[PDB]
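Student: Let's see this in three dimensions:
(3 chains, ligands or ions: 33)
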Amino acid sequence: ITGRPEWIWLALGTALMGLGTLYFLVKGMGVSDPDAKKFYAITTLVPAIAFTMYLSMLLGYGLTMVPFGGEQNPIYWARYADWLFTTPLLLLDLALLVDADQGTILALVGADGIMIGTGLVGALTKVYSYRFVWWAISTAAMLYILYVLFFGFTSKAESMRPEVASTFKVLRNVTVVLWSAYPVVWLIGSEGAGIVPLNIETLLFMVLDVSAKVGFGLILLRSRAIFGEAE
Amino acid sequence: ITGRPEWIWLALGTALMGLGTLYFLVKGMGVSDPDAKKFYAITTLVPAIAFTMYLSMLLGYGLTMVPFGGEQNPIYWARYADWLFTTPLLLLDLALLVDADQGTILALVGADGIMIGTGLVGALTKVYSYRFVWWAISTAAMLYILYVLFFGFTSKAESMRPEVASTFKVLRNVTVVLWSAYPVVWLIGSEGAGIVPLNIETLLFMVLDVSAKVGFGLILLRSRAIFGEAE
Amino acid sequence: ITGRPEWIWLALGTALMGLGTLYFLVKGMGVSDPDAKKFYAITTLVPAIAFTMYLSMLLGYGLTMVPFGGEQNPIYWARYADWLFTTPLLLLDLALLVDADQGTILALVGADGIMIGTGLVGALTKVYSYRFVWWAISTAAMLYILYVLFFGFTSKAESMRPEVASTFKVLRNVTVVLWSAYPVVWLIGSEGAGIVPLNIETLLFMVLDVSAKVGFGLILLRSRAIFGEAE
Ligand SMILES: CC(C)CCC[C@@H](C)CCC[C@@H](C)CCC[C@@H](C)CCOC[C@@H](CO)OCC[C@H](C)CCC[C@H](C)CCC[C@H](C)CCCC(C)C
Ligand SMILES: CC(C)CCC[C@@H](C)CCC[C@@H](C)CCC[C@@H](C)CCOC[C@@H](CO)OCC[C@H](C)CCC[C@H](C)CCC[C@H](C)CCCC(C)C
Ligand SMILES: CC(C)CCC[C@@H](C)CCC[C@@H](C)CCC[C@@H](C)CCOC[C@@H](CO)OCC[C@H](C)CCC[C@H](C)CCC[C@H](C)CCCC(C)C
Ligand SMILES: *C/C=C(C)/C=C/C=C(C)/C=C/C1=C(C)CCCC1(C)C
Ligand SMILES: *C/C=C(C)/C=C/C=C(C)/C=C/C1=C(C)CCCC1(C)C
Ligand SMILES: *C/C=C(C)/C=C/C=C(C)/C=C/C1=C(C)CCCC1(C)C
Ligand SMILES: CCCCCCCCCCCCCCC
Ligand SMILES: CCCCCCCCCCCCCCC
Ligand SMILES: CCCCCCCCCCCCCCC
Ligand SMILES: CCCCCCCCCCCCCCC
Ligand SMILES: CCCCCCCCCCCCCCC
Ligand SMILES: CCCCCCCCCCCCCCC
Ligand SMILES: CCCCCCCCCCCCCC
Ligand SMILES: CCCCCCCCCCCCCC
Ligand SMILES: CCCCCCCCCCCCC
Ligand SMILES: CCCCCCCCCCCCC
Ligand SMILES: CCCCCCCCCCCCC
Ligand SMILES: CCCCCCCCCCC
Ligand SMILES: CCCCCCCCCCC
Ligand SMILES: CCCCCCCCCCC
Ligand SMILES: CCCCCCCCCC
Ligand SMILES: CCCCCCCCCC
Ligand SMILES: CCCCCCCCCC
Ligand SMILES: CCCCCCCCC
Ligand SMILES: CCCCCCCCC
Ligand SMILES: CCCCCCCCC
Ligand SMILES: CCCCCCCC
Ligand SMILES: CCCCCCCC
Ligand SMILES: CCCCCCCC
Ligand SMILES: CCCCCCCC
Ligand SMILES: CCCCCCCC
Ligand SMILES: CCCCCCCC
Ligand SMILES: CCCCCCCC
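Tutor: Numbering: from 1, shown residues only, chains lettered A, B, ... in the order given. Ligands and ions are numbered 1, 2, ... in the order given. Shown next is the structure:
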């Protein structure tokens, strides 16, 4: 484990995702509202999945070597197995908050799968220049997601209860800022141009992951928007 | 790229799926009917997924070598990753058109997963004679799907609006004819008996894919069956 | 095939899953109740999936070698591909029986995916002591599932029709007893401590699989709880 300088950030990430999972699990014990139960189930699964994948990276299972640039490059593939399941769950939290229609939910989840799937292909591609073709396709899929979150959901939240509109607006802004950083870290990190070393890259993804999952969840599960209007 | 004679058909397929995706995306911009939005989302995702997998084959990522018959045989595995997601989406288009019940939808999607999954196992199997055992199981799963589309959905469409009944009947006939060709191309192509060479096999799958996805989508999204009855 | 002593139990399992699939398929022909159709579709898919994965193990495709303990250990990875899809389908049978809320269904299916996913990682892990870390995480996920089936569903079934309450109680008890045996067989078998040899381990999993899928299905599909109350 300790033979890799980035191990400290993988261990911290593992701990923070595990602690986040347990807090949400305990906090959700005393909840019977069927609407609130939906948000607790979605939001608790997110850091639980991330916990297992951070642990796999810490123990060395989620790491492979990819030859490109005449070098064997360490690629943590477990990140994409994490994101494949956690990013659509996070979008479902937002879509259920605004009572989005089914067709829009399917478009979001499908574009998200394309985003993560093409990012994985780009991470494992051995022809250096082709890695950035996949990065560009994946980034186009992300821009579609961000467009929908702004010019489809925002207008839908305003016609909703005030507390669900204000909570959505906050979580929307958090998501757009944090998610946009991921393609940048990829491009300048060891998967892309190799400007930033792997140990610093790992620290950046850990800050982003914890903020986008545990920070996101703390804002959502403390809001009254997750409960139905009741007397 | 150009070192493979089949590259021209992979490049054409990539272009036609990309163009198809963009047309459906633009055409769906001016749509607010929640029913129509469902069909546009399903139908636009189909060629978008196929685009990415054709590109992976063009660039050489979606290709592996499988030893059988005393030879290293080029097997494009990316086809099955495509079909795993696009064939159930196409069946969902048909099932939603006739307002099929949930139990029937699950049976269709499950049989479809078995069809594609066993076809993938057959494509990667190293014992030559066993490849055709998997082909037979996969073909049995397809025949179940075709039976349901005829002796379960057809009777359901007649009790529906006339425009949804006539549109379903057309898309049903297109699907049964085109899908039935796939097991035949597999059997006589490089995955099976090896009668037809890979470059011709690739041309045939490209014609079938574009017809079953973009041609299918053009018929559906030009129909009024996708809109609810409104004044 | 016959070069492996466990082949006899893989062949028996294949036959019993295939026969089970055909019986459920025939029995479900004469069913039009939309509620009953749901249970028949879920319950017939379970042994059909298991059939294909037992066949892959029989023919040698679903087997790999994992080095640990200074030895190349035969690991049947196809079991986890089976369980990944069949265990959530079995939980869906139970959840639909008691009309569970959506949030609870998602929590069950998500915990089940974590259970199977971490068990697969543990089966393929090359550092011997780490294999049991994954076993423990997977077992914690199972205990969560069992808790929900007892202290969330049981109370919900009592407020239901008497026949659905008594049928659920029976299937609940069958599930908790049979599922609990799996982590024990893993721990003492070739994936874990290696006390029980592989051929005996394979026999035990076959008895458990057939009971948990075909036996489970025979109890459910003979009950009147799967039909709506009708005159
Ligand atoms: C509606 C939305 C959900 C739609 C989703 C969008 C999606 C279509 C976007 C594209 C996804 C696609 C790129 C997934 C590729 C997975 C692949 C990286 C797995 C590893 O295989 C890659 C190479 C080794 O580098 O295999 C070496 C050769 C091996 C012999 C490969 C044989 C196994 C194949 C991988 C079998 C295909 C399985 C499916 C891809 C499983 C789904 C994986 C997940 C990442 C989507
Ligand atoms: C309700 C419906 C959706 C049900 C679906 C029906 C489905 C059950 C039908 C059978 C599907 C099954 C054959 C999928 C097999 C995937 C497999 C080809 C992936 C590549 O692995 C094959 C060998 C190399 O040749 O791995 C070499 C050895 C490696 C060490 C393998 C270890 C990884 C395992 C593959 C882990 C299992 C992952 C799941 C199979 C992922 C789903 C893939 C998709 C193709 C279903
Ligand atoms: C809501 C719920 C459904 C959530 C589900 C819970 C889930 C997150 C729990 C953890 C699942 C995770 C451990 C799955 C790992 C699959 C992995 C074993 C496949 C084989 O790859 C392992 C190594 C060889 O030993 O690959 C060698 C290196 C290769 C180069 C690997 C590159 C391919 C990657 C495997 C791509 C990721 C694909 C996804 C993991 C596909 C889903 C598989 C299924 C088992 C979940
Ligand atoms: C909890 C994890 C989250 C919210 C991860 C989000 C990840 C992304 C938005 C990743 C995007 C990428 C691109 C847009 C292209 C480059 C490759 C990716 C996958 C890093
Ligand atoms: C857009 C792609 C489509 C509609 C693909 C359809 C593919 C099939 C219907 C494939 C069927 C197969 C068999 C029936 C057995 C032989 C292997 C397959 C997977 C080619
Ligand atoms: C039809 C198959 C069924 C119902 C299989 C159930 C399997 C389990 C409940 C497996 C549980 C495991 C653990 C709890 C940890 C050890 C590894 C597993 C996956 C065997
Ligand atoms: C979206 C965030 C990207 C900003 C990356 C900042 C990295 C600064 C760290 C110093 C770079 C290390 C280079 C010298 C080793
Ligand atoms: C009462 C609110 C705080 C509860 C404690 C939460 C502990 C989980 C770890 C959170 C750290 C990361 C927060 C986002 C920066
Ligand atoms: C379902 C369509 C299958 C028909 C295949 C027709 C192939 C004819 C092309 C000529 C065969 C090439 C053999 C000589 C190289
Ligand atoms: C107005 C209808 C035609 C629009 C142009 C569609 C261009 C997408 C490519 C379609 C070619 C394949 C059609 C099926 C044979
Ligand atoms: C949950 C069931 C686990 C019980 C396992 C009993 C196995 C007894 C078979 C004899 C053990 C073989 C050891 C000598 C070869
Ligand atoms: C009339 C009920 C029996 C029908 C025959 C079922 C045959 C399928 C194989 C069942 C054997 C396994 C039963 C569970 C132990
Ligand atoms: C490729 C993996 C995608 C599945 C991720 C799991 C979450 C799916 C959310 C589905 C939302 C409901 C759509 C109607
Ligand atoms: C194995 C991958 C299957 C999933 C394909 C994605 C489409 C799923 C459609 C689900 C239809 C809704 C069923 C109720
Ligand atoms: C185009 C939709 C408007 C909202 C999206 C904001 C774009 C942020 C740019 C992200 C940069 C990634 C490289
Ligand atoms: C048996 C259901 C009737 C409709 C299915 C038509 C069968 C077409 C044969 C396809 C040939 C594939 C080898
Ligand atoms: C803790 C929830 C109560 C019901 C679960 C029964 C636990 C059975 C123990 C299984 C042993 C697996 C190692
Ligand atoms: C080795 C660098 C080659 C540059 C390729 C950049 C491709 C980016 C595509 C974005 C449209
Ligand atoms: C090398 C050819 C061996 C023939 C096997 C055919 C199997 C087909 C099974 C269809 C029932
Ligand atoms: C080689 C045996 C090492 C023992 C590790 C046991 C780990 C079990 C963790 C359960 C909390
Ligand atoms: C609940 C605390 C979980 C912390 C265990 C993971 C941290 C790795 C320490 C080496
Ligand atoms: C929108 C046009 C997309 C065409 C790019 C793919 C074709 C491959 C050319 C080499
Ligand atoms: C319907 C009977 C299915 C039996 C075939 C599988 C058994 C393997 C025999 C070698
Ligand atoms: C993106 C930063 C999240 C901050 C988490 C703190 C929330 C406390 C209510
Ligand atoms: C299967 C052939 C499809 C033909 C596509 C043309 C549709 C234009 C309306
Ligand atoms: C767990 C044992 C199941 C027994 C199956 C027999 C059911 C006949 C109704
Ligand atoms: C109005 C809410 C502002 C939230 C933005 C937070 C950016 C990290
Ligand atoms: C909408 C604000 C985008 C912020 C992008 C930050 C990328 C590091
Ligand atoms: C490929 C772009 C299509 C141009 C608009 C077609 C008419 C909606
Ligand atoms: C009555 C519609 C006929 C459609 C059949 C088309 C076959 C390619
Ligand atoms: C229902 C007509 C079937 C046509 C099969 C064509 C196979 C090449
Ligand atoms: C009251 C029903 C008892 C069922 C338990 C069966 C254990 C195999
Ligand atoms: C609730 C009874 C548990 C039985 C466990 C059996 C494990 C072999």
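
Student: Which strand or helix spans residue A:73?
Tutor: strand A:71-76 (DSSP states H and E).

Student: Just the C-alpha atoms of that strand, please, in CSV.
Tutor: These are the backbone C-alpha positions of strand A:71-76, laid out as CSV (Å, rounded to 0.1, in the frame of the first residue of the first chain):
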residue,chain,number,x,y,z
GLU,A,71,5.7,4.2,-20.7
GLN,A,72,3.6,1.9,-18.5
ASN,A,73,1.2,4.4,-17.0
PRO,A,74,-0.8,3.6,-13.7
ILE,A,75,-4.5,4.0,-14.5
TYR,A,76,-7.0,3.7,-11.6
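
Student: Give me the helices and strands touching the next helix or strand after it, please.
Tutor: For strand A:71-76, the following helix or strand on the C-terminal side (DSSP H and E) is helix A:78-97. Applying 3 or more Cβ pairs under 8 Å, 6 or more residues apart in numbering or on different chains; DSSP states H and E, we find helix A:78-97 packed against helix A:34-58, helix A:102-124, helix A:162-188, helix A:216-221. In short, each C-beta sits where N, CA and C put it, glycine included.

Student: contacting residues for the residue most central in space within chain A?
Tutor: The residue lying closest to the centre of chain A (Cα atoms, centre = their mean) is residue A:87, at 4.3 Å. Residue A:87 makes contact with A:112, A:115-116 under the criterion Cβ atoms under 8 Å, 6 or more residues apart in numbering or on different chains.

Student: Turn the residues you listed into JSON lines, columns for distance to chain B.
Tutor: What follows is the contacts of residue A:87, written out as JSON lines (distance: Cβ to the nearest Cβ, whole Å):
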{"residue": "A:112", "distance to chain B": "11"}
{"residue": "A:115", "distance to chain B": "11"}
{"residue": "A:116", "distance to chain B": "12"}
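
Student: Would you format these as CSV with distance to ligand 25 included?
Tutor: Shown next, in CSV, are the contacts of residue A:87 (distance: Cβ to the nearest ligand atom, whole Å):
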residue, distance to ligand 25
A:112, 30
A:115, 30
A:116, 32
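
Student: Just give me how far the strand holding residue A:73 sits from the chain centre.
Tutor: Relative to the centre of its chain, strand A:71-76 is centred 22 Å away, using Cα atoms, centre = their mean, to the nearest Å.

Student: Can you list the strands that that strand pairs with?
Tutor: strand A:63-68 (antiparallel) (DSSP bridges).

Student: how far out from the middle of the chain is the strand it pairs with?
Tutor: Worked out by Cα atoms, centre = their mean, strand A:63-68 lies 23 Å from the chain centre.

Student: got the angle for it vs helix A:34-58?
Tutor: 70 degrees (axes from the mean of the first three to the mean of the last three Cα atoms, to 10 degrees).

Student: quick one: is strand A:63-68 near ligand 1?
Tutor: No: Strand A:63-68 is not in contact with ligand 1 by Cβ under 6 Å from any ligand atom; minimum separation 8.3 Å.

Student: Any chance you could list what contacts that strand?
Tutor: By Cβ under 8 Å, 6+ apart, strand A:63-68 touches A:57, A:72-78, A:123-128, A:131.

Student: what's the angle between the strand holding residue A:73 and helix A:78-97?
Tutor: Using the same axes, to 10 degrees: strand A:71-76 against helix A:78-97 is 40 degrees.
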